[PDB]
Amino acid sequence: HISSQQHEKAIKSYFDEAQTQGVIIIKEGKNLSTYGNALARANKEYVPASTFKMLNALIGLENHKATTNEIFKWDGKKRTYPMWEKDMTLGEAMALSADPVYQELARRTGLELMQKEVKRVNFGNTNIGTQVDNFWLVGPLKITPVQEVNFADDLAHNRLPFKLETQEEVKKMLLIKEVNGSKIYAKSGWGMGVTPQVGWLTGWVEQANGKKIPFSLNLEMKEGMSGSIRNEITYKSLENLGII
């Protein structure tokens, strides 16, 4: 079998080769493992960016601000990315990380219920400030990679304080890959406002035999970089560890 010195070296190298700094936390049962080329990022706070869509969806659905088949219409105004200029369900908006749809959901939820719910779930530092529609991009909401992997663990196991059905509905939105009888569920994130910029991929592997292994990748994104680096580093890491 492969030494842990070798696993640690290989996974550090994936971050080194992307010329970034980052950490990937893996949780097996109750045990947290930190890998990568910048381990001390593990308990530093960063903005959640689009990772917050997972919780935005849980809250909106739990509180009847939307259903999973409702179509959010594009209002016809130019959006940052052309793929966002279409009508979509929460689930399609989740896959495209369409922030305008999630901003609409946050506004339906409203600042007051959003604050209560985020406090109730104990997400990150739990502060959302005064603007219901932008608190996940440039503050004041922050969260550590450890807190992200613990949130994933909670969602993967239906332990968050929302109906089981709400959790299943949001989980069905998060399937991003199947790989040898393993399913990967995750939400990506790219905070382009903050400096430096933060990249996330937080989720879990559901293995053939039913076991769920949560992970959170957290790295620095730079002007040169492609978004799929987050996926590539993650898949390479989970494979190196034989998780997938």
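We number the residues from 1 along the sequence you see.
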property: Average Cα temperature factor in the PDB entry - higher stretch of 179 to 187, 199 to 207; result: 179 to 187
property: Segment of higher mean CA temperature factor, 110 to 118 or 143 to 151; result: 110 to 118
property: Options 36, 214, 48, 193 - largest CA temperature factor per the record; result: 193
property: Residue 161 CA temperature factor, ranked by third within the chain; result: middle
property: For residue 78, the third of its chain into which the C-alpha B factor falls; result: highest
property: CA B-factor ranking of residue 131, expressed as a third of its chain; result: highest
property: Residue 9 - Cα temperature factor, lowest/middle/highest third of chain; result: middle
property: Position of residue 41 among the chain's modelled residues by C-alpha B-factor, lowest, middle or highest third; result: lowest
